[PDB]
Each structure stands twice: as C-alpha cells, then as structure tokens.
Amino acid sequence: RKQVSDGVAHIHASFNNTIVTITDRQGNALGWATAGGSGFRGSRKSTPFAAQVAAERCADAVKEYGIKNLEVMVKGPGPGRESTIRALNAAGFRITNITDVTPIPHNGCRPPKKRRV
Amino acid sequence: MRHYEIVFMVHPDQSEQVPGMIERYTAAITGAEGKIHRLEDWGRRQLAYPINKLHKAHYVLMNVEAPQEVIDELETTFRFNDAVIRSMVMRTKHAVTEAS
Amino acid sequence: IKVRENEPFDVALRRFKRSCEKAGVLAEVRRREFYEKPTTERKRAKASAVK
Amino acid sequence: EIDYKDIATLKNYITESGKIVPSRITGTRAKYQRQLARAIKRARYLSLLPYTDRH
Amino acid sequence: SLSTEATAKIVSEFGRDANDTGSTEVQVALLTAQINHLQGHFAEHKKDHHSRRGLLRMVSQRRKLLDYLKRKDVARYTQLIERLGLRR
RNA sequence: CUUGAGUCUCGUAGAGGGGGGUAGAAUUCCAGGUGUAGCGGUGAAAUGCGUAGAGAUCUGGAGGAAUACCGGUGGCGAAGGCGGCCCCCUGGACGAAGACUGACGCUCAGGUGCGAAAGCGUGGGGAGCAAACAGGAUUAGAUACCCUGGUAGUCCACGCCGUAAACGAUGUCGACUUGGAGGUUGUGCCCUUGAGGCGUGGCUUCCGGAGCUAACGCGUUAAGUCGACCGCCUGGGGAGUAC
Ligand SMILES: [Mg+2]
Ligand SMILES: [Mg+2]
Ligand SMILES: [Mg+2]
Ligand SMILES: [Mg+2]
Ligand SMILES: [Mg+2]
C-alpha cells in the first residue's frame, strides 16, 4: 500500500473500552481496532484481556502496511492500559518509545458529579 | 528611582533588531535621568516550549533604575512591536550587577 | 513521562507514570470534585499521619 | 532556588515530569521552598524551563 | 505607608523641635497625611474594603488624639486644627 | 513619671485587599486530513451519537472558566474568606537597636460598616458543571438515587438581599499557674571550619499535670486562678410561629 515500516500506536484505555489505533508519525491513521468491537461486550469488554485481543487484531490490519518498528502513545487508566502494549510488541513489533499522553489539566474545567450510591 | 529587572526576548528572524531595540531603550531610560546597572544579550537560544510558535528566541536583559513612568511607557512598546514576543519585568530588590 | 530507553529489551519501565501522573491524579479528577471535602477529609490524613 | 535565570540550580528541584519536587523529599527549608517555587514558576513563563515534560 | 521624605518633613513642621516624632501634634499631622492622600486612592477602586479598615482606624485614632490634646491643652488643639483645616 | 497605648527609623514574612495585564495544561465547539464500524454508557442496559462516516488520530482556529506540581501538622485577614506569573494603588502584623509623646487606655446599648452560598434588578458573557425540564433504566410504585441531554445559575460590572452547623457550637482587653514533642516567622551570641550549639520575641499544631467539669473532656492559645465592660439563658410542644 505505502509501506511505512514505522509509525505510532495510540491507545485509548478508557475506563469502559479500549481502542488501539496505528498511524504514521504524521497522524494519518493507517488502521485501528477496538476491544468492545472485538467480541465480548459490557462487563468483559472492559477487562485487560479485552484490549489484548484488540491490539493484535489491529496489527492484522496495519501490518499489511509493511510496518516494522513503531512508538507507543498511551493515555487513560483502566485495564488494557499496559496490556495492549505487550500484545502489540509480542505480535512482532520493533518497539521504541512509550509515553503517557494522558490529559492532566492544571485545574481547569469542573469534572461532572455523577456516581452517588 | 525604582529598579526593574526586565528581560525581553525577540523573534529569531528579527535578531538584527536586537541591537537597535537595546540602544533605544537604554537611551530613552537615561534620557529621563535613568540609570542602567546591567545589560546582557543572550542572543538566540533554544526554547523549553514553542511559545507563540518557533522553538528559538533572542533573549535580552536589562535591570535599570528609572522612574516608573518611562519603564511603564516601555511596558507598552513591547506590546506594539511584532518583533518582540514574550516579555517580563520584575522589581528592584536593590540593583543587581554581573553574573546571570 | 517519556520512555525511549535505547538498546532492545522487553522491559516497560512503566514505574515512571506510577510516580507522577496516571492514577492518583487521574482517578482523583475522574468523578465529581470536592470544594470543601479536601480541607477536611484530606486534612484528616494528618490526624492519622501523626502516627 | 532564589533566581529564575539559574535554570541549572532549578533543574535539581524538578522531577522528570516538569512539576517541582516536594520540600519533604529535599529537606529544603520552608522559607526557601517557597522562594524556590517562584523562581521555577516565572522561569517556566520565560520558556527557560518546561511546564511539563510533554510540552 | 508614607514617604520617608514627607514623613520627616512634616515631623519638623509640627514637631516640638527636631527628631521628636511622637508629639500629639506631630501624630495628628502624620495621620491627616495618609488620611487625605488615601481618599485619592479610595475615590478609585472603592471596593477595596479591607484597605478601608486601615483608613478608618487612623481616622478614629486621629479623633482620639485631638480629643486628648484639647483635654490636656486647649491651646495646641485650637491651633493644630488650623494648620490642617480639620474640624469641619 | 514611664511600665499601658501610640509615634519615628530599619528590616522580615505573607493565597490580606482594589485595579490591569499575561502564560501553560485541559475541556468543548468550528474547519480540513488519515481512517472504518462502531463509539458512549451500566450492575446490566437502554436513551443517545455513528455509513449524511462517528469514535480514535493529526492540523488550524474560536472561546470561557479554573490555575496540577509547589502545598503543608502551612501562611495572611476582624469575620466572611483569600492560591499560576507580572506591574500599579493599598491595609495589617512581627522583630530589632534604639529615639519620641506621656495614661492619649479597656469595654460599648443605640449607631455605622463589612457579610459564604443561594436569590433579585440592569446590561454583558456562557467552555465545563448543573436546580427546572425531557427522555432511558430501576422498582410493586420511583414525581429519586443511576444513565443520555439540559435552562436558570455558576463568570463580569454596578446595585439589592443580609442569612449559614457564619462553628472553636467557646465575646473583647489584661495579669497570673508544673511540663513534653513539633510547625512557622524575626533576632542577639558562639572556631557555624559544616550544617551547627547557647539562647530570645510573634503566630500556630499535638499530648498532658494541677485545677476545673455531670461526664465527654479543657488544660499557659484553659473550659484553671482573677479583674473591666458587653451580649444572652430561665421546662418540652405550639413557635422563631401569629399580630
Ligand atoms: Mg443529571
Ligand atoms: Mg452570589
Ligand atoms: Mg443575575
Ligand atoms: Mg492568625
Ligand atoms: Mg490536652
């Protein structure tokens, strides 16, 4: 297709779901995969295993781009926050950098109340 | 008069102005019975973050001792001079010299 | 929280995030806020920190 | 620790995340800890130091 | 507070002599200074209540000073008011 | 007269107050790129947003609000309360040597002023959050808690409202009465060789003796021992209600 051989790997470790997107060092998403979309829903979709099957499932798409090495961009808590990385590398990927782009405001917007039981 | 440790950094592709700016300010201050106690031209320099774009800035020092008026008249020029970007001006604390 | 670590070696060195951002702060701002709850519930940690 | 231009002395009171290092994990006196913080704050605005390690 | 210059200056213009900062008259003077100078600052802002507290204190304090002077020497009191145009 | 109170000189610390600038992190919104079938949410769900291409991802821009870290057993203020950085205007407190006034003091019904949040008026502003309201879910029901949205308001200027578990549930000023450990800020002195050691003022935590207390507990920052002035209580309900 383009044969990038080296891009980045964004990981959305949301408290409920986990999606992994692979894109060149530019930003242009090459391919993506999501936990909830990889089968199990609700309860099971928000587990560490969930993200794993997703990560590998993503590579089965971007690997066709001749991707060899790639960095790792992670943000957010919840499971699959770290898991995704392992499966990503173990799946045969020359990893290099890993940074937590988790958004942390120096006190700005007021978070929502919610949860009260 | 009240001392003011001013440190203004100008746009990189404007470095040629740095000399002009300085010579003017200094004179303007002295003209009003000012009294410069320091001066440093750190010139170009890497930037921690791309403030107002670019990753390089031309820094300059001052640390004068003139009446609030003139220095205040200057606090505005730095704003109406596309060339100069971020600016700051601390207070007296007794004229400092050398080092930095 | 950067982690490049030259030379190949399957070690995450994740401990870094666990010493600043990530949870603690993230989990903190997750749900609602406090407004007054900290000056107390949080300032009550000393009543314990004493010993 | 008292001056802001001294980006060298301040880099000691800053974790590899931009945030300033607590006073309890440096012994540094309270009186000094406050003065030191200010130097780091105004220094960050002069782009002489990073707000965080990300940007 | 007040400028050292104006301070020392007004110290003699009313002080029983020189470097005798403390005379009932001296005080009143030093008080009326900031008392009148502050108005200029208070005319503006207005919502600076916390700073008003100080203003009011010196105000009342002055009254308590004059009231005293008049009790210990009706002379200086009547003469002091003039140089300051106080008492209405 | 000088020890009470105040004045002057020189410093010290401070999220004290008023005004004006300004920086970075994030959210949301708009536009475009990459990319494709989900995303969002929960205990599950569902409403909802997605092929009219969301979500994720990158770039550019707009805008409002709040200032991670430092930060604390912390600091400042009369109380309410006050946290990014910079400038201007300004109030208080403390120490130090001393110099000066010479009881100018303490308290204070009435009075005057300050007063969290919510609320009200005028004109602005409006990102996020959210009374009301509308859906979805839960339940026997669910006019709720939970989820998806969302107006007032929250922000600003000026004016009004004067209340709160406005609390230390403990009025202000002053003098006395064994201790211990700690925080914070000033200061005299000593090879500080180095931090340090001998102290000496201000503010402030925790423990505790005597004594006080119905007990719990308070305990040199007293609720102990005393003095000056003030406010207030006199069974529960009715009722901080009616007139
Ligand atoms: Mg709601
Ligand atoms: Mg209000
Ligand atoms: Mg209104
Ligand atoms: Mg206090
Ligand atoms: Mg006790």
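Cβ atoms come from the backbone with ideal geometry, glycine included; neighbour counts cover every protein chain shown. Just so you know, all these numbers are worked out from the coordinates, no wet-lab data involved.
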Förster radius 45 Å - calculated FRET efficiency between C:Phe34 and E:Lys9 (Cβ-Cβ, nearest 0.05): 0.25
Residue among B:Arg86, B:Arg38, B:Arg24 with the largest mean-square fluctuation in a Gaussian network model of chain B, springs linking Cα atoms under 10 Å: B:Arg24
Acute angle (nearest 10 degrees) that the helix E:49-72 long axis makes with the longest principal axis of chain E, alpha-carbon atoms: 10 degrees
Histogram of C-alpha separations across the protein assembly as shown, 10 Å bin width, %: 4, 14, 17, 17, 18, 14, 8, 4, 3, 1, 0
Inter-label distance for B:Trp42 and A:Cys109, nm, one decimal - labels placed 7 Å from Cα along Cα-to-Cβ: 3.5 nm
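Can you check what the net charge comes to around C:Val50, using other residues whose Cβ is under 13 Å from the Cβ of C:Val50 (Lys, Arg +1; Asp, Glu -1)?
That sum, taken over residues with Cβ under 13 Å, equals +4.
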Charge tally in the Cβ shell below 10 Å around A:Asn69, where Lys, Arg are +1 and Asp, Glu are -1, A:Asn69 excluded: 0
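Just to be sure I follow: if Rg is taken over the C-alpha atoms of chain A and Rh is the Kirkwood radius over the same atoms, what is Rg/Rh?
Values: Rg = 15.0 Å, Rh = 14.6 Å.
Rounded to two decimals, Rg/Rh equals 1.03.
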Spin-label proximity, E:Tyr68 to the range E:10-46 - amide N less than 12 Å from point 7 Å beyond Cα toward beta carbon: E:22-28
Angle between chain B longest axis and helix B:18-31 axis [Cα atoms, degrees, rounded to 10]: 10 degrees
Residues whose placed amide H lies under 5 Å from that of D:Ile14, excluding near-sequence neighbours: D:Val21
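How big is the shadow of the Cα convex hull of chain D, averaged over all directions, in nm²? Spell out each step's value before the answer.
On the way: hull surface 13.1 nm².
Answer in nm², one decimal: 3.3.
Which value in deg cm²/dmol, rounded to the nearest 500, describes the helix-derived mean residue ellipticity at 222 nm for chain E, given -39,500 (n - 2.57) per DSSP H run of n ≥ 4 and division by the residue count?
Details: 4 runs with 64 residues, N = 88.
Calculated from helices alone, the mean residue ellipticity at 222 nm is -24000 deg cm²/dmol.
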Cα-centre dipole for chain B with unit charges at Cβ (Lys and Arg positive, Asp and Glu negative), debye to 20: 400 debye
Long-range amide H partners of A:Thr96 with built H, under 5 Å: A:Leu70, A:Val72
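Grab the other residues whose beta carbon is less than 11 angstrom from that of E:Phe42, score K and R as +1, D and E as -1, and report the net.
Details: positive: E:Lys46, E:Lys47, E:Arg52; negative: E:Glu44, E:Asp48.
Its environment carries a net charge of +1.
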For chain E, fraction of C-alpha pairs farther apart than 19 Å, in %: 42 percent
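How big is the antiparallel share of DSSP beta bridges in the protein assembly as shown, given as a percent to the nearest 5? Could the numbers behind the result be given before it?
On the way: 21 of 31 bridges.
The antiparallel fraction comes to roughly 70 percent.
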16 Å Cα-Cα reach of C:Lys17 towards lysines, excluding residues that sit fewer than 8 places from it in its own chain: A:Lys75, C:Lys2, D:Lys19
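Relative contact order for chain D using alpha-carbon pairs under 8 Å, separation at least 6, rounded to a whole percent?
Values: 53 pairs, mean separation 25.9, N = 55.
About 47 percent, as a whole number.
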